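Here's the structure we're looking at; comments come further down.
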Amino acid sequence: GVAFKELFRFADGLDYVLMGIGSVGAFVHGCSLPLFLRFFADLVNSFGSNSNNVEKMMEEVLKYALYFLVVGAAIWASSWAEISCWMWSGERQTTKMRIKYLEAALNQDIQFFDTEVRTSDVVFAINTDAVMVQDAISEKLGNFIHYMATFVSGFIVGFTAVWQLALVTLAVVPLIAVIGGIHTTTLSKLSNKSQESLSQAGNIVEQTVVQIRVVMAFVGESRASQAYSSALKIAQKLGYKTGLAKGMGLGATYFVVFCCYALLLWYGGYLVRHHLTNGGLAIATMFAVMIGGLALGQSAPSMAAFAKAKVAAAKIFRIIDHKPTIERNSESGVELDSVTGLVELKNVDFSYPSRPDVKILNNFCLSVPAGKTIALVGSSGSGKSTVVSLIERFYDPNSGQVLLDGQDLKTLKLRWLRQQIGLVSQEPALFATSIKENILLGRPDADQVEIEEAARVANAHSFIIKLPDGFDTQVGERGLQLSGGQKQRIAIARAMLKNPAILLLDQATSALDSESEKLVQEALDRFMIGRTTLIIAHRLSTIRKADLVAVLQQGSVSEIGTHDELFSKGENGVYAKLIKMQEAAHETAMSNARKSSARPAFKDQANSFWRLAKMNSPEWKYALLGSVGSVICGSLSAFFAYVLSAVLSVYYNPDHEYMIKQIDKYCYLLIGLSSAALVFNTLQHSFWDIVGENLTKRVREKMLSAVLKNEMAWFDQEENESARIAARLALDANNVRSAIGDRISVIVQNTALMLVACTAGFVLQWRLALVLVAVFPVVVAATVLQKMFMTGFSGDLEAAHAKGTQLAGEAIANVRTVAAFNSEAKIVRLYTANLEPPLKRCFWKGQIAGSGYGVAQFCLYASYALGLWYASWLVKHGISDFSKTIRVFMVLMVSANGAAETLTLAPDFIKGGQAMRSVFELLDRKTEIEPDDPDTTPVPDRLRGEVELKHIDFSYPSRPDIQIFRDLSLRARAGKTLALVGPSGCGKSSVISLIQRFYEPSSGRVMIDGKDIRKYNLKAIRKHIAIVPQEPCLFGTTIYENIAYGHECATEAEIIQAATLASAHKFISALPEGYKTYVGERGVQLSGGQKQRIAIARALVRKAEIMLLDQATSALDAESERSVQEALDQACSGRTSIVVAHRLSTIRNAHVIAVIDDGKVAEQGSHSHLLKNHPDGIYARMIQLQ
Ligand SMILES: CC(C)[C@H](C)[C@@H](O)[C@H](O)[C@@H](C)[C@H]1CC[C@H]2[C@@H]3COC(=O)[C@H]4C[C@H](O)[C@H](O)C[C@]4(C)[C@H]3CC[C@]12C
Ligand SMILES: Nc1ncnc2c1ncn2[C@@H]1O[C@H](COP(=O)(O)OP(=O)(O)OP(=O)(O)O)[C@@H](O)[C@H]1O
Ligand SMILES: Nc1ncnc2c1ncn2[C@@H]1O[C@H](COP(=O)(O)OP(=O)(O)OP(=O)(O)O)[C@@H](O)[C@H]1O
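Counting with PDB author numbering, you get residues 26 to 625, 678 to 1263 for the letters of the sequence shown.
Spelled out as structure tokens, the structure:
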């Protein structure tokens, strides 16, 4: 909360012009609809009280039908200057704010991102705070002068027209506005209890799409639809009451509005027959208070955005001003002439200023000679990037002088000092630009010639030519998503252009494949010529090429020697322990880097309006009562325009005895047809939600029941991942609710007006009811634009500014890399030119949408001055009179307003969603493997378990390049063991994926008991085969269910004995709730070793003859692994087993051990066989490894 009138601090001379015009021109538009009614009261009062002198009919009406065109045409230059000088004065005060919010955050030291505000929010606050400030300069101030103009002019064309009918009307507007306040709140209670329950029943599909490999493995793909049904039966009983609370919520408006014109239109009839008030002045005074009375009601939402503005701007002015203390522009600095790379650190102690007690650096002493290959290889977790983060002078040391040619870092100029030092971190940084721009961030003023040879030295120039756009390829969201080595070599070239004198490299090839890390070292050795070089490395090749090696120890330099002297010490020194931490990062890198790859016209609406509304036919008895209630509220929207009209004819009758009677009908009917509005308005909106929701639940339970029939190969395809399936069941399920439900209640009750409004037109006077019906399109159009107003034109500016935000998103997040260069003037000048095409676009939407509301409020107030011109032309030529003509006119205009307050009450159909394409694509995709196929040979009794593979070839449809299996055959015998091993990670699990029929082999037969797996019912053949997954994640339920999720039915004693045989029952007996303990992702997270025990407890319940054990290791307990295997000795009692593991002691007693090699078996035998008959193979060497 800064204040008001400090938001406008970026203002200049010209923005004090666009707010003068945006205020006065928004004041003329406010004082119009009051000063239109008094040209309407004075018209009818003169048109209707001269029924004997026809000469004072022409020059009276034609005078006031030229005060409508002026009131018309003065809403060109008062609504093409309000809407088009605030939405352009909120683009010269927000856009100049986002520039200074990036000139004063990237120009701020790193410690500001540590002890002040997080880096998670300063990337957030440029997106969410710099929009809700912009909505309080432009729109919600322009919609606030406009109301106080209507409000004050609501009470001066009011209280001086008629005294005593203004005081009564002002005692009514409370009774309306306090009921419209009940209507807006009690919906918002259910609007946040309903969708919260949908987020409860929205992750129940997320606990199946993520774990699809276990759900489709077992039979239970139906029983995880049985929860998603019953978790939405809650979401109807929070949806049925939404209609019944909106049904009475409109009913208590049409009860008060009718029963407050039973008074104001009686008390008007008391005034005329005591000679105080005419007939124009008693319908004008009645409206001009009920215009200005309710126009104060929308002055609160424009006020509420002046509360969130002044506080969400206060988070931005914290960073704008914010004096630093480190001397970046230190023009009282010194300069050198010839550096040599002489770097020394003496008695340096340093830790972070976030935990000011640690001793990360403790008397650090490094001596770097000029032009060497010195390497800092110490223990992990001992800094090992903070040491790099001081030679750059990110921070400042607590105590100790950092020497550079015998000079301190607190002497030179940082703008000049950072130019000599090149730097490559572990992960590089490339911004959403082209290629040459991401190269010129090192040095600005190089030509094209110096760039092209340098990237060729870095071995990047080859595939840049292979790119289609060359060096103008837009790297970022587009740019065909270059690989990590390709991202690496550009940043290597980004330092080569700079020509540094000192080199700093921290884990260059730590995340690169064996192909490109050779290619990097081909470029590094070219770049390490004659330069002072400090490399923290990852492999021995740099260590062998290292000149001098220093060894850290707990924040202290321990060993200072060479590559050979530290190697000659043997295991006496720490250099042998450096090997112990070396290849721990070698093999775990590209195994896990593989895991990143292994884990990854009107005929369009022809039947989609009809096939959709054909499965919506067990409920026709609830949509032929809500159509009855849509006609009755169709009449009462137009019957009210008749009573208000025909009273206005009674006021000009000189018989004060027909006037007491013929008011006393139109007051008693107005109460008698007020009680039959509230009763028949909770049938129009209540029964069009019981037809509403019971379609929507019937669609959500067919989509998930038809996603789970697609093959496993369908499910990892490009768009079918986890976060994109729940979107197709959240957007497509709710956007299809508003297509059959709303647009029968709207299309009918905007026809029940026309049979009652135009009937009064084509009975009383058949000639006036053509000209009004010909101009009847432009009236109902012009009321929609008065209702698209008050929500503001040009909404949702996230889409117009999502491209420019991405450059500020990556720049703040890379604040060490950006400040490692002097690239803090280009990220300013490139944040500019991502705004200049979305700045001119917001301009020309001002000059178009300003006039598109400008004309359509002139064609309304002109078509009133042509309707009421054809009134006096009939009276002058004796074809009609006053009583029939003004009874026609006000019916056809007040009903015309009542039409347009239907289209903006049930919105979102006029291409509100074309999502009907996305639904029927998903319900009607055809599979190739039917998971429950009728007419198939059944499963026999409890079989011997003959697993056998014959001449099998495989290829994933995601990557059909590499063939996995090349004429592979393998046979499990009648129930002993077929334990398999192999090299190169747990990708070997793609043998189990062939048995489960998750995929299809390229050639061969998958025969079981001499019978193919295409000759069984697929759920029936997935009955007898258990499977332990690799990394078990669990369901957000009880442990008692996750073990009961292993059979069709479940009994108590079967769960208890099996978990005891699983040997997890002990600590389960020591848990707080034990079996009924709530686990998953919403409660107690467990250990990975106990996650293994639950998964093994799952598989034992199946009593499966065939069993497929994946990696049962990484249960870090030598006691438990032996004891579980003792039970696993009994877990194969007459059972066929494939056991796939790592440690050879598990397969020590295995019958048939085989090795995967090049799509073929390598060796066949066991422990006593392959060490006897083929002792020179792979099976003997890995025993010495373990
Ligand atoms: C026949 C026309 C010449 C007419 C006078 C016209 O100028 C005027 O703009 C009409 C369309 C408006 C002006 C005031 C409006 C009313 C504003 O005050 C009312 O009585 C409110 C009460 C309540 O808010 C209703 O939902 C709308 C309702 C009932 C409006 C119905 C239509 C109007 C009567
Ligand atoms: N503000 C901070 N920024 C970074 N590290 C911090 C900070 N405060 C404390 N630290 C500690 O500094 C340590 C630096 O990490 P570590 O010593 O494991 O090597 P590293 O810097 O991560 O090496 P690399 O970046 O090459 O992986 C962290 O373990 C962290 O606990
Ligand atoms: N879930 C998956 N979907 C599609 N393709 C995959 C999947 N997992 C892995 N792959 C592909 O298979 C390749 C290697 O995984 P695979 O399962 O073939 O291991 P493997 O060759 O059997 O390993 P091993 O050396 O242990 O025999 C990867 O390059 C990857 O592209």
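Virtual Cβ for every residue (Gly too), placed ideally from N, Cα, C.
Which of helix, strand or coil DSSP assigns to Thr567: As a position in the sequence shown, residue 567 is number 542, starting the count at 1. It is helical.
Classification of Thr1223 by the beta-carbon crowding that lies within 10 angstroms, buried from 16 upward: Here the question's residue 1223 lines up with position 1146 in the sequence shown. By the neighbour-count rule (16 or more Cβ atoms within 10 Å), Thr1223 is buried.
Could you tell me the alpha carbon to alpha carbon distance between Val905 and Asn911, rounded to whole angstroms? Within the sequence shown, the letter at position 828 stands for residue 905. Within the sequence shown, the letter at position 834 stands for residue 911. Answer to the nearest angstrom: the Cα atoms are 10 Å apart.
Grab me the residues of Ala202's own chain with a C-beta within less than 7 Å of its C-beta, minus the 5 sequence neighbours each way, in chain order. To locate residue 202, count along the sequence shown from 1; it is residue 177. For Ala202, same chain residues with a beta-carbon under 7 Å away, outside a window of 5 residues either side, are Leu319, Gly322 in chain order.
At which residues does the alpha helix (DSSP H) containing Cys936 begin and terminate? Translated into positions along the sequence shown, residue 936 becomes position 859. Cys936 -> alpha helix (DSSP H) spans 936-944.
Compare the Cα-Cα distances from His563 to each of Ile151, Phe592, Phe839, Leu603 and report the closest residue. Start at 1 with the first residue of the sequence shown, and residue 563 comes out as number 538. Comparing Cα-Cα distances from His563 to each of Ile151, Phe592, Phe839, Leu603, the minimum goes to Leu603.
Who are the near neighbours of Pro378 in its chain, counting only those whose CB is closer than 7 Å to its CB and skipping five residues on each side? Reading the sequence shown from its first residue, position 353 is the one you call residue 378. Residues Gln136, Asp139, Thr140 of the same chain have their beta carbon placed closer than 7 Å to that of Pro378, with the five preceding and five following residues left out of the count.
If you measure from the CB of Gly509, is any heavy atom of ligand 3 nearer than 8 Å? By one-based count along the sequence shown, residue 509 stands at place 484. The answer is no for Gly509.
Rounded C-beta distance between residue 659 and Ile341? I'm assuming under 8 Å. This model leaves out residue 659; its place in the chain lies between 625 and 678, and no residues are given there.
Mapping DSSP to helix, strand and coil, what is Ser76? Along the sequence shown, read from residue 1 onward, the residue named residue 76 stands at position 51. When DSSP states are grouped into helix, strand and coil, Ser76 belongs to the coil group.
Would you please state the rounded distance, in angstroms, between the beta carbons of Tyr1122 and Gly245? I believe it to be under 8 Å. Numbered from 1 along the sequence shown, position 1045 holds the residue referred to as residue 1122. Numbered from 1 along the sequence shown, position 220 holds the residue referred to as residue 245. Cβ-Cβ separation between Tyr1122 and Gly245: approximately 6 Å, consistent with a contact (criterion under 8 Å).
Three or more C-beta pairs below 8 Å linking the stretch 1091-1107 and the stretch 1182-1195: Under the Cβ criterion (8 Å, minimum of three pairs), the stretch 1091-1107 counts as touching the stretch 1182-1195.
Near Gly115, which residues of its chain fall below 6 Å by C-beta distance, leaving aside the five closest residues on each side in sequence? Taking the sequence shown and counting its residues from 1, the one referred to as residue 115 is at position 90. Residues of the same chain with a CB within less than 6 Å of the CB of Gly115, apart from the 5 flanking positions on each side, are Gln159, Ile162, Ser163 in chain order.
Among all residues, which have a Cβ less than 6 Å from at least one non-hydrogen atom of ligand 3, and in what chain order do they fall? Any heavy atom of ligand 3 within less than 6 Å of a residue's beta carbon puts that residue on the list, which reads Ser622, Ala623, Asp793, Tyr1033, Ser1035, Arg1036, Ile1041, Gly1059, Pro1060, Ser1061, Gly1062, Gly1064, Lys1065, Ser1067, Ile1233.
Sort out for me which residues DSSP pairs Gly447 with in a bridge. Position 422 of the sequence shown, counted from the start, is the residue given in the question as residue 447. Per DSSP, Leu528.
When DSSP labels each residue in this structure, what does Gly274 get in the three-state scheme? Counted from its first residue, the sequence shown places residue 274 at position 249. Correct three-state label for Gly274: helix.
Rounding to the nearest angstrom, what Cα-Cα distance links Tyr92 and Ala926 in this structure? Counting from one through the sequence shown, the residue named residue 92 turns up at place 67. Counting from one through the sequence shown, the residue named residue 926 turns up at place 849. Looking at the two C-alpha atoms, the distance is approximately 26 Å.
State the DSSP-derived secondary structure class of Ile824, mapped to helix, strand or coil. Looking up residue 824 in the sequence shown gives position 747. The answer is helix: DSSP assigns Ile824 an H, G or I state.
Counted within 10 angstroms of its Cβ, other Cβ atoms place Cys1126 as buried (16 or more) or exposed: Within the sequence shown, numbered from 1, the residue matching residue 1126 stands at position 1049. Exposed is the call here.
Compute the Euclidean distance between the alpha carbons of residue 3 and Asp346, then round it to the nearest angstrom. Not covered by the structure: residue 3. The range shown for the chain is 26 to 1263.
Contact between the stretch 791-809 and the stretch 831-847: three or more CB pairs below 8 Å? With a cut-off of 8 Å, the stretch 831-847 and the stretch 791-809 do not count as touching, because too few Cβ pairs lie within range.
What residues are listed by DSSP as bridge partners for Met1084? Counting from one through the sequence shown, the residue named residue 1084 turns up at place 1007. DSSP, once it has assigned bridges, lists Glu1025, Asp1089 as partnering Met1084.
Tell me whether the stretch 518-536 and the stretch 444-459 touch, counting them as touching only if at least three CB pairs, one residue from each stretch, are closer than 8 Å. Flag = yes, the stretch 518-536 and the stretch 444-459 touch.
Have a look at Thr194, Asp494, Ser250 and flag the residue whose alpha-carbon is nearest the alpha-carbon of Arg775. For the purposes of this step, residue 775 is taken as the residue at position 698 of the sequence shown. Selected option, being the one with the closest Cα: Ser250.
Considering only the beta carbon of each residue, do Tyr1076 and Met789 sit closer than 9 Å? As a working note, residue 1076 is residue 999 in the sequence shown. As a working note, residue 789 is residue 712 in the sequence shown. Against a cut-off of 9 Å, the Cβ pair of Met789 and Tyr1076 comes out as a contact.
What I want to know is whether the C-beta of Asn974 ends up closer than 8 Å to one or more non-hydrogen atoms of ligand 1. On the sequence shown, residue 974 is found 897 positions in, with the first residue counted as 1. Yes, the Cβ of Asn974 comes within 8 Å of a heavy atom of ligand 1.
Between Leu223 and ligand 1, is the CB less than 8 Å from at least one heavy atom? As a working mapping, residue 223 is identified with position 198 in the sequence shown. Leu223 has its Cβ no nearer than 8 Å to any heavy atom of ligand 1.
Contact test: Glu85 Cβ vs ligand 1 heavy atom, cutoff 8 Å: In the sequence shown, residue 85 corresponds to position 60, counting from 1. Residue side-chain check: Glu85 keeps its Cβ at 8 Å or more from all non-hydrogen atoms of ligand 1.
Reduced DSSP category for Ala130 - H, G, I as helix; E, B as strand; rest coil: Numbered from its first residue, the sequence shown carries residue 130 at position 105. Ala130 carries a coil assignment under DSSP once its states are collapsed to helix, strand and coil.
From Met83 to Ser949, what does the alpha carbon distance come to, in whole angstroms? Reading the sequence shown from its first residue, position 58 is the one you call residue 83. Reading the sequence shown from its first residue, position 872 is the one you call residue 949. Between the alpha carbons of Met83 and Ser949 lies a distance of about 7 Å.
Run of the beta strand (DSSP E) containing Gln499, from where it starts to where it stops: If you number the sequence shown from 1, residue 499 lands on position 474. From DSSP, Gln499 is part of no beta strand (DSSP E); its letter is neither H nor E.
If distances are taken between C-alpha atoms only, which option among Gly293, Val768, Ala252 comes closest to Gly264? Locating residue 264 in the sequence shown gives position 239, where the first residue counts as 1. Of the listed residues, the one whose Cα sits closest to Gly264 is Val768.
Buried versus exposed, by CB contacts within 10 Å (16 or more), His1219: Locating residue 1219 in the sequence shown gives position 1142, where the first residue counts as 1. With fewer than 16 other Cβ atoms within 10 Å, it is exposed.
Would DSSP call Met692 helix, strand or coil? The count along the sequence shown starts at 1 and reaches residue 692 at position 615. Coil, per DSSP.
Starting from the C-beta of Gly975, find all residues in its chain whose C-beta is less than 6 Å away, skip the five residues before and the five after it, and write them out in chain order. Within the sequence shown, residue 975 is the residue found at index 898, counting from 1. Once the five neighbours on either side are set aside, the close Cβ partners of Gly975 are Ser714.
By how many angstroms is the C-alpha of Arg1179 removed from the C-alpha of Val240? Position 215 of the sequence shown, counting from 1, holds the residue named residue 240. Position 1102 of the sequence shown, counting from 1, holds the residue named residue 1179. The straight-line gap from Cα to Cα measures roughly 14 Å.
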